[PDB]
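Subsequent text provides structure tokens for two forms of one protein chain, presented individually as structure 1 and structure 2.
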Structure 1
């Protein structure tokens, strides 16, 4: 007896909404990083670390959290993901002062820990609550909810918080309003999670989950899985190319305010819409990419073409910022964003196919961990280059690294799909 419960829409909607808030909080500081420079009396390096602890905290905590999710259940991970997101947001609301940067540093640390319990959920929620035909779209919706958070995170903070650096009292009110609004939304979603997020439906929704429910997962071993994934060389190369592709997206998103503001002074609002275009277009590309793979070509050919086009994406983007035309940044940012974050569906689906005899829990974790490691290195490197030799030097650094990504992608041997 397998049936679909109406609660699955509520569970999916609740998770997508508090995934939006957590992803909103990752980029809310970086998009107005020039505002927080004068508010805290703090250099750009610390403000970049606000968006980078989202990546630093993910690397060590991903696998113990996956162990917690695979052993305790969906509800505890959901409660911890929303609970720490709500707790991290509430700490920030008390950090709106000129001498309390560590308080907002501590608050962002909790949100980064919350992301560990959020990013691994979308694949599990669809496979537990949704029937066989709707697993793919339910999984896609949850990830798009996280990407939609970045889109809102790019657009709203510039609107909510103007520069107003010559009036600190008025500046403090706007920052507190954004923090108060973020915590209030996160608190409501945590309350809903504690109420509506059931552990599992009354009956399994799919035939595969009914069979899988009878098998205890205590026989799994994470040490064997990670060690076995580095033995085969095709996956190691893909772990690097995906990290470069996704890490470049994190580096650009974190430093988008710095590159835009030096050429266009006072256009921090427009930098938000460029960030929105850079990721909304990727959402369109991600949807189109999913319908693209099983319609014309194979995984290897498609992932090389997108990577080649993604490299061309910033080559035009690198050499169009200096043109001093704001319209050109919108189009080039969208074209670059159509392929930068349109590759993540390609990265995940390519890896899971070439890793059949190994569980997708670790392969997905390693790919995300690879993105965090490269995102930290790129932001640290591009941040110094931009702050010293101009944004063109910083962007060329990313262009060089995708050239390595194209070469490494071409060396992968695969024929699946």
Structure 2
């Protein structure tokens, strides 16, 4: 048919990549300065850990209903839901700046968590709907890098924005209010932009395949049947477990970074945020490089196993170098660990998608993300308890053992797939 490329696609790609980014920020704003919020609200570190774990807890039950809603009602409703929920959560947080109003900020974080469910799976759908065959992969990569950059900014900003001033509660409240109001204003602007500009689909089909998909009549899809068939697929299950372990380890490290660093270095919250930013940026660079390598070679199993082993080595090095009382070595080890660990996620995701070619990409993506969230919750809880009881090294060694198990599982996966 007659297919054309619409300029609005770029706007559609930009606005999403922005508000998704904001969501990622709101995920890690509390954790990076978790000590400050713990002092302000008079709560335990477990409360701040739950502020991060609410995202993971909310994603798992709502992912598949969200997928059904996206399929039935289109892209515009999902985008509006995500942006509006993020803005509402930010506004709720804005009113939670008091020593006795932790539940209000928890409600706001829950709103942002529910928003996330409408955002994570949107990249591929937007790229297919609005971009031609050559630009689909680049658009999806940019969309995911948006969330990764949001996590990096969530690492970097809060430490600078909110200094640790427990002596002066009023100054702490003022700084927290400034951060919350800035985030809420950005979220409101992004929601307004999404409402004004975001559209269901371009007037022409971006690609011949998308044109055929539009022409093809809708077909009922049974998510339960697809999930059952996927679970019958043993290599897919193994890859799911390994990817979940890796992503949960990343989530736990991100959430507990402040607790680990503050144990050995005092008054280094800004440097903790910088270390998190270095981890995320090295992860993005490694993701790009590993994507190029896999596209050039297409060796799913070999590259996956090698990257898993290197990530385990980096995690062990970080574990046994954290307490050296030198922050530069912490920077370097965090950079290497982020490189290898985060560069793995796209590789494993593509391997899982290819392994389950007959099955829909949406179901496999949702299962992978749900496994990641579950492993993140488990690792966060266990590692936080271990760090509190015995010290960061215990939880780090626990993560090392889980990464070793993940390597063993990855090696077990049997597939000649390219």
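We call the rigid core whatever largest set of C-alpha positions still superposes within 1.5 Å between the two forms. Residue numbers count along the first chain shown, from 1.
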**Asked** Of 162, 73, 181, 217, which is the single residue whose C-alpha shifts by 2 angstroms or more between structures 1 and 2 after core superposition?
**Response** 217
**Request:** Please state the CA displacement of residue 297 between structures 1 and 2 in angstrom, with both forms fitted on the core.
**Result:** 5.4
**For residue 232, CA displacement between structures 1 and 2 after the core is overlaid, in Å** = 1.5
